[PDB]
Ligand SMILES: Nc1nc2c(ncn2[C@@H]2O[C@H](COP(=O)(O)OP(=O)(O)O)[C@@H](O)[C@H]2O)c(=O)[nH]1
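Next up: a single chain in structure tokens, the form solved without ligand GDP.
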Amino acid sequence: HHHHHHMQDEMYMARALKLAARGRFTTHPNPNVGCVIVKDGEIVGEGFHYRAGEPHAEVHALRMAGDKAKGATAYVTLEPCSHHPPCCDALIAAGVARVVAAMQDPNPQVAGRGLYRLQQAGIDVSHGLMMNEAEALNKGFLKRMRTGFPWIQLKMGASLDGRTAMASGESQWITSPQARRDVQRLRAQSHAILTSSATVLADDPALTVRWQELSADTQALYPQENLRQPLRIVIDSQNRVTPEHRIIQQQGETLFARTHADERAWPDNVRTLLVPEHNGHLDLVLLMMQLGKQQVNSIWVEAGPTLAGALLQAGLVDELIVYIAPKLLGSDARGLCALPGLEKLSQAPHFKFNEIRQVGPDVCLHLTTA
């Protein structure tokens, strides 16, 4: 009816969340999950999910616990499987007497089914402890489940007066090496990286994660041999990128969003997703919906002003990450985003400053769509 181990429960669930976060570079498309199993006031098993196709966090914790799971309390950051050999029946089979879940399964057709199954077989169950943190841990995955739309981070880098290139086109190092290394850490956590054909034609980028540019913090949780390249997505409405561009010659897969199928021979890692047309342009809303159906949780956008403005105007951006260099390029220089049709101040895209921070000599601004 009520107990007095709330502080202990909070300590173990916080540990389970710490463990879950250790999967964030590699679990895609699965969510990050952690599990801690406590017997007589000491932790006898822990685990987290690391890669799709590997065991769930509860299974790792039960393997550690062994016989010690009999009579133990399990803390899990997400409701255990109900039919996936499922984690619910593994927890019961091990003799767990109590289960605490941070949050219920986000799919409404199966939400609570696991907890009920444990309750049925005599387990004391509850859910909600540190729900808010469990939500934050899988922000992008959860938004995709509940809306069908992947989480879209739009990255911008510009001068103090909002400029991304001189009028001459010269863009060589507005922002700092530190900013580039910071982008690499955020890239490594994204399910996919997305760009436009115009960016690929103008820049010939690789759009990969370089493990050597990662901070010693993230390099400690990310062994080099487990490096996961985010899926590289290229919007190419008119099939102008060639099979000789750097992007499709890196490790990992590359997906081209196309109007119609390309006729050339491409490397094995390159796939085509056919998106329908809206007026003369490839339909951005439909592209995102199809990517959501393909279980793409989060997308890091590296493109120019044209795609940045198009995504903004389609209402598809969830957050802006803006790197500002302490430089003025002047009013003839190129701007941040093209917003065709915008004429009145009150129609302008509006945001909220969440976090601002120094990044080398630059500053980084995190905004959402308020």
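Think of the rigid core as the biggest set of C-alphas that the two forms share within 1.5 Å after superposition. One-based numbering along the sequence shown.
The protein also exists as the form deposited with ligand GDP bound; that form is not presented, and the subsequent description refers to it.
Interface residue among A333, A310, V322, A325 relative to ligand GDP in the entry with it bound, by the heavy atom within 4.5 Å criterion: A310. Distance criterion of 4.5 Å from any heavy atom to ligand GDP in the entry with it bound singles out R240 from the list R98, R246, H84, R240.
Of the candidate stretches 280-288, 181-189, 211-219, 165-173, only 280-288 has residues whose heavy atoms lie within 4.5 Å of ligand GDP in the entry with it bound. Taking the partner from elsewhere, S196 is found to have a heavy atom lying within 4.5 Å of ligand GDP in the entry with it bound.
A residue is said to contact a partner when one of its heavy atoms sits within 4.5 Å of a partner heavy atom; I235 meets this definition for ligand GDP in the entry with it bound. Ligand GDP in the entry with it bound comes within 4.5 Å of a heavy atom belonging to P340.
Applying a 4.5 Å heavy atom cutoff to ligand GDP in the entry with it bound picks out no residue from 12-33. Shift analysis on the rigid core between the shown form and the other one singles out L329 from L339, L329, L311, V44 (C-alpha displacement of 2 Å or more).
Here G169 counts as shifted, since its C-alpha moves by at least 2 Å between the shown form and the other one after the core is aligned.
Once both forms are overlaid on the rigid core, the distance between the two CA positions of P349 between the shown form and the other one is under 2 angstroms.
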